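Below is one structure; the comments refer to it alone.
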Protein chains: 2
Amino acid sequence: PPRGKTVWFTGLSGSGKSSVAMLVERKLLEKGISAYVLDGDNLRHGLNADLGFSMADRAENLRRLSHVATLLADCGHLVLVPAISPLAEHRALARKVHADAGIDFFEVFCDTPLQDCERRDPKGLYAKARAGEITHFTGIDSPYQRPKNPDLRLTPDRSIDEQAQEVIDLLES
Amino acid sequence: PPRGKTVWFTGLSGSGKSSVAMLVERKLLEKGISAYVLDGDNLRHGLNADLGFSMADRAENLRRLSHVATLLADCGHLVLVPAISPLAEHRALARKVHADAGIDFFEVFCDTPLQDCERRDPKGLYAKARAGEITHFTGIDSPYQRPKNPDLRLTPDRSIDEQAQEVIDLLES
Ligand SMILES: Nc1ncnc2c1ncn2[C@@H]1O[C@H](COP(=O)(O)OP(=O)(O)O)[C@@H](O)[C@H]1O
Ligand SMILES: Nc1ncnc2c1ncn2[C@@H]1O[C@H](COP(=O)(O)OP(=O)(O)O)[C@@H](O)[C@H]1O
Ligand SMILES: Nc1ncnc2c1ncn2[C@@H]1O[C@H](COP(=O)(O)OS(=O)(=O)O)[C@@H](O)[C@H]1O
Ligand SMILES: Nc1ncnc2c1ncn2[C@@H]1O[C@H](COP(=O)(O)OS(=O)(=O)O)[C@@H](O)[C@H]1O
């Protein structure tokens, strides 16, 4: 097989990481490209069921995710990782795990304003955080460090379909 | 893709787990069957780099490995897991993670006697353990519970090639 590669999505909760990732996955699969979405949230329920949201656990979650991505990539998949990845050092770690495994690594920043993300508020998490029912929530009372150099920055200027198509164009260029 | 399955190898250090697993991988791949080895020792240098050989770390190591296997299996691979898995409960846990994920799970016991494993001694570890330079070494001063009912027991009667073929025959029946 060709060895695979990893697309790592960072951004606020509700910024479109999973949507874009899922759509990219379908588009690729429809053209016989074996793509797989390795979702921070889903893994948190099995492999990463023992971790929370302290910066240390998130780093651990993400460290683990980064390894699993390189493993799926080594099996020949195009891996899509939507995960908040709130700190530069989180992304720097993932990148280094990929460098060390000799797997191509692309960073995509889903740069949707906080306003838009909670105007969306799809799982009700912003509301809970503003109410004090969740704490250390990214963008509210836990920081989000903006990537300075992503491979691609997505903005809420276009449809999810078209955002997926930009990810694909990044991969095919 | 149809869903993959897992072959889980248990046995003493130097009993042939990795050798058989690698050879099974190659044989399968040469026939256009997508196979992948998750080797305990290799992954201890990345995903599981944070774990040692306390019984607790070994359980965690093997818990993690079991989740990764099911996930690669779900992607359609035939997953080969050589790892000592020294306790019955370790194997029972992996089996359950697989049952729960609806992935077929086969247990292979590489039943080479301690004496033979020591007499092989490929990485010098038994010697270090006898000398007191390593502690909690499986079979010397850390236990190995022998599987009561593996799907396949491999014995030092055959070449590694032939042992691989038996694993394959097990899968193809
Ligand atoms: N470019 C876009 N245009 C319109 N709506 C979007 C866009 N990106 C995301 N959305 C909507 O906003 C929400 C983003 O949620 P999701 O992708 O789950 O965010 P995340 O995975 O980053 O937490 C979704 O309901 C999606 O429908
Ligand atoms: N059936 C066999 N016949 C001959 N040699 C074997 C057989 N099984 C294993 N070996 C040898 O014994 C050693 C087992 O090593 P390995 O597969 O690394 O064990 P483990 O992964 O179980 O530690 C290897 O050096 C291999 O050369
Ligand atoms: N305190 C929190 N901050 C951000 N997300 C949270 C928090 N608590 C729960 N979550 C949930 O966990 C998901 C984020 O998971 P990841 O992307 O795996 O997080 S990350 O920070 O470690 O990268 C969010 O989509 C949200 O659904
Ligand atoms: N104390 C030890 N006990 C057993 N194996 C060890 C030990 N220290 C280092 N090793 C090396 O680590 C490998 C064992 O790793 P695992 O298969 O991952 O162990 S397991 O118990 O957690 O299943 C061995 O093949 C050997 O190379």
Side-chain angles (χ1 to χ4, degrees), chain A residues 1-9 18 21-51 61-62 64-83 101 103, chain B residues 1-9 21 24-25 28-29 32-40 42-43 46-48 61-83 85 91-108 151 167 170-172:
Chain A
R3 276 167 111 205
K5 323 171 176 181
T6 293
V7 186
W8 195 278
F9 297 81
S18 63
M22 285 187 263
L23 196 40
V24 170
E25 181 186 44
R26 184 173 73 41
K27 284 177 172 284
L28 293 176
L29 282 169
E30 281 165 13
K31 315 196 273 166
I33 286 151
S34 184
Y36 185 104
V37 177
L38 187 76
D39 181 295
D41 214 11
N42 274 319
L43 272 310
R44 283 179 170 277
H45 296 96
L47 175 68
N48 291 327
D50 60 313
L51 301 173
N61 177 68
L62 297 168
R64 289 185 196 169
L65 273 181
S66 78
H67 285 292
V68 174
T70 62
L71 288 166
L72 282 162
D74 195 44
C75 284
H77 306 266
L78 183 294
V79 185
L80 302 142
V81 185
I103 303 287
Chain B
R3 281 150 89 245
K5 322 170 176 182
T6 294
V7 185
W8 197 278
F9 297 79
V24 170
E25 183 186 44
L28 291 176
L29 281 168
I33 290 150
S34 176
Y36 195 75
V37 179
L38 288 177
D39 179 293
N42 296 133
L43 288 190
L47 175 67
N48 292 321
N61 177 63
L62 299 168
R63 186 191 72 83
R64 287 187 195 170
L65 288 182
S66 81
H67 284 297
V68 176
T70 59
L71 172 158
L72 294 177
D74 188 65
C75 288
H77 307 273
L78 185 294
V79 183
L80 303 142
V81 186
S85 305
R91 284 105 55 178
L93 171 56
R95 190 182 294 281
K96 174 101 79 73
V97 168
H98 280 78
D100 294 346
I103 303 286
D104 293 355
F105 180 87
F106 294 84
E107 179 184 61
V108 179
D151 297 282
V167 176
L170 173 74
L171 292 173
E172 288 209 13

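Computed over heavy atoms, backbone and side chain alike; hydrogens, waters and symmetry mates excluded. Per chain, numbering begins at 1; letters A, B, ... match sequence-line order.
Partners of B/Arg63 according to the salt bridge (charged side-chain N to carboxylate O under 4.0 Å, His left out) rule, which considers only residues two or more places apart in sequence or in another chain, are A/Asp50, B/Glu60. Under the salt bridge (charged side-chain N to carboxylate O under 4.0 Å, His left out) criterion, B/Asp74 pairs with B/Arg3, not counting sequence neighbours. With sequence neighbours left out, the salt bridge (charged side-chain N to carboxylate O under 4.0 Å, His left out) criterion links A/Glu30 to A/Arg26. For B/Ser66, the side-chain hydrogen bond (donor to acceptor under 3.5 Å, both in side chains) test picks out no residue, with sequence neighbours left out. Partners of A/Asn61 by side-chain hydrogen bond (donor to acceptor under 3.5 Å, both in side chains), not counting sequence neighbours, listed by chain and number: A/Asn48.
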Under 3.5 Å, which donor-acceptor pairs do the side chains of residues 93-100 of chain B form with other protein atoms, sequence neighbours left out?
{"unit_1": "B/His98", "atom_1": "ND1", "unit_2": "B/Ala94", "atom_2": "O", "d": "3.0"}
{"unit_1": "B/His98", "atom_1": "NE2", "unit_2": "B/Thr6", "atom_2": "OG1", "d": "2.8"}

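Heavy-atom neighbours of A/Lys5 NZ from other residues, nucleotides or ligands within 6.0 Å: at or below the threshold of 12.
Minimum heavy-atom separation, B/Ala83 to B/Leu62: CB-CD2, 3.7 Å. When all heavy atoms of B/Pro82 and B/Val37 are compared, the closest pair comes out as CD-CG1, 3.9 Å. Nearest heavy atom pair, residue A/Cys75 against residue B/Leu72, reads SG-CD2, 4.1 Å. Among all heavy-atom pairs drawn from A/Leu29 and A/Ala35, the shortest one is CD2-N, 3.7 Å.
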| task | Kindly determine whether B/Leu71 and A/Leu43 satisfy side-chain contact (heavy atoms from CB on, under 4.5 Å), including the steps that lead there. | result | CA-CA 10 Å; B/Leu71 172 158; A/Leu43 272 310; 3.9 Å; yes
| Steps toward side-chain contact (heavy atoms from CB on, under 4.5 Å) verdict (B/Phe106, B/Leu170) | CA-CA 9 Å; B/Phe106 294 84; B/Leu170 173 74; 3.8 Å; yes
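Put simply, the side chain of B/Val7 does not reach to within 4.5 Å of the side chain of B/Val24, judged on heavy atoms. Looking at heavy atoms from C-beta onward, B/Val108 lies out of side-chain contact with B/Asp151 at the 4.5 angstrom threshold. In this structure, the side chains of A/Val79 and A/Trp8 stay at 4.5 Å or more apart for every pair of heavy atoms.
Going from atom CG of A/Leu23 over to atom OG of A/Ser18 covers 11.0 Å, rounded to the nearest 0.5 Å. Distance CG/B/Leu80 to CG/B/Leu38: 8.5 Å, rounded to 0.5 Å. Taking CG of B/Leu47 as the reference point, atom OG1 of A/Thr70 lies at 8.5 Å (rounded to 0.5 Å). Taking CE of A/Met22 as the start and NZ of A/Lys27 as the end, the distance is 15.0 Å to the nearest 0.5 Å.
Residue pairs meeting the side-chain hydrogen bond (donor to acceptor under 3.5 Å, both in side chains) criterion with at least one partner in residues 32-44 of chain A, sequence neighbours excluded, are A/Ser34-A/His77.
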